[PDB]
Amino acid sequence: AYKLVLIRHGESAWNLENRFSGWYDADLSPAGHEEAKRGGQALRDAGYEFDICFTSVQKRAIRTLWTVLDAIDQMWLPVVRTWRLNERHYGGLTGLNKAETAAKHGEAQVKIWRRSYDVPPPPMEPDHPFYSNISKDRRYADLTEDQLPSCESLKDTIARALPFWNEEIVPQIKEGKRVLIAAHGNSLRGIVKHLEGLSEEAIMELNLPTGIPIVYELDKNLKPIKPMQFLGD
């Protein structure tokens, strides 16, 4: 059976993972970096070998990948980065903590957003402190108008992640390349939902742990032959 490993990055600076970090390019905190080290060491202890790596264009994921590759002595592997594996774009909520979000929008609406599969947050407007920082970042300069989000529902996030999965990652897996993916909660949710055929409600209830290698064994049709497995202790 094919083997696929996913890893979700850990903690980012300034408590940004509890502040809808989204497309803001927050770095790992020292603790998130250590999480990645422990994941890498788990993969090393278990003797894992990869042939190709995929990650987003966000430095907290990239640095997670770097840390893992360092730990397993496979810094020489080919690495492919794509905005399509980015975290969900949280629009105008980006950077806000829970209290600020509730104060600005009300508990009713926040409940609706938190439980909805295809309702996006409000768009990130020009007066948002991250607006030019993100929308005019030259790493997205080749994106067309529809491609560069101002906000995303979970449905949107999964919709732009899965074409990369199908077009770039799947052919590698079917060639027998051992794939490592270092990415984010919601883009990885897209992949997991596709792999396991999960419902919208199920994927919204699924919370992937951070810094832990997530192992899939896939058959010839890229269907898991058993539940996802975690490496470490």
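Don't overthink the numbering: it's just position in the shown sequence, from 1. Throughout, rigid core stands for the largest set of C-alpha atoms superposing within 1.5 Å between the two forms.
Check your understanding: Do the Cα atoms of 121-129 or those of 83-91 sit farther, on average, from the shown form in 8 other deposited structures of this protein after fitting on the core?
Key -> This comes out as 121-129, the stretch further from the shown form in 8 other deposited structures of this protein.
Practice item. Output the stretch having the higher mean C-alpha B factor in the entry; the candidates are 6-14 and 217-225. Key: Mean C-alpha B-factor is greater for 217-225.
Check your understanding: Averaged over C-alpha atoms, is the B-factor higher for 165-173 or for 23-31 in this PDB entry?
Key -> According to the PDB entry, the answer is 165-173.
Exercise for review: Among 65, 202, 57, 179, single out the one with the highest C-alpha B factor in the record, please.
Suggested key: Comparing C-alpha B-factors across 65, 202, 57, 179, the maximum falls on 202.
Check your understanding: Taking the Cα B-factors listed in the entry, which of 137, 118, 87, 100 comes out highest?
Key -> In this record, 118 carries the highest C-alpha B-factor of the candidates.
**Study point:** Relative C-alpha B-factor of residue 37, binned into the chain's lowest, middle or highest third
**Key:** It falls in the middle third of the chain.
Point to revise | CA B-factor ranking of residue 147, expressed as a third of its chain | key: Ranked within chain, residue 147 CA B lands in the highest tercile.
Check your understanding: Going by the entry, which third of its chain does the Cα temperature factor of residue 193 land in?
Key -> It belongs to the highest third of the chain when residues are ordered by C-alpha B-factor.
Review point. In terms of the CA temperature factor given in the entry, to which third of its chain does residue 126 belong: lowest, middle or highest?
Key: Highest third, going by the recorded CA B-factors of the chain.
Check your understanding: Compared with the other modelled residues in the chain, in which third is the CA B-factor of residue 111?
Key -> As the PDB entry reports it, the C-alpha B-factor of residue 111 lands in the middle third of its chain.
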